[PDB]
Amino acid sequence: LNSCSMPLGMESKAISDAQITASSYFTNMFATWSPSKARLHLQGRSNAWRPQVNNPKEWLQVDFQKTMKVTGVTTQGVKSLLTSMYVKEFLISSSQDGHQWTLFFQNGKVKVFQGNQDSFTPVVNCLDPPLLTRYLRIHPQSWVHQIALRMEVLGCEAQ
């Protein structure tokens, strides 16, 4: 049990909207599931990030504005009407400049994190080893009904 595992700012909004971006997002005159909606326990009609299309090539990115020691992530889905929407598996990549990205590996291969199994229960996935990075990306790989994501990043200061 280490101290380097505190919520960095997705739920609290310590991490501003501008720091959260994505490959794309689902929006129309009825709803806007923008990147900055990807916050753990956020309430609302379109309270989650949803890519414009459900494909494994989409991603959600967080910029801490400085190097942080990331020790884990927490993911959650959402439910709209009678439809549960959540990511079951995902990958993680990181970068220092925001151009060169590297996937997180575990036991000789790309780590496919086991995510959520329902609409509202958060699932914590620890990173062993931790990552020292300024930029972090989540890559949905499998999902139930639709790719929808609310999250949090766990860690502490680096440098």
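In case it trips you up, residue 1 is the first one in the sequence shown, and so on.
- Here the stretch with the larger average CA B-factor, out of 60-68 and 93-101, is 93-101.
- The PDB entry reports B-factors from which the mean C-alpha value can be compared for 7-15 and 144-152; the larger average falls on 7-15.
- Taking only the listed residues 117, 36, 125, 32, the entry reports the highest CA temperature factor at 32.
- Split the chain's modelled residues into thirds by C-alpha temperature factor. Residue 40 is in the lowest one.
- When the CA B factors of the chain's modelled residues are split into thirds, the value for residue 108 lands in the highest one.
- In this PDB entry, the Cα temperature factor of residue 87 sits in the bottom third of its chain's modelled residues, the lowest group.
- Residue 73: CA B factor lies in the lowest third for its chain, per the PDB record.
- The entry lists a Cα temperature factor for residue 133 that places it in the middle third of the chain's modelled residues.
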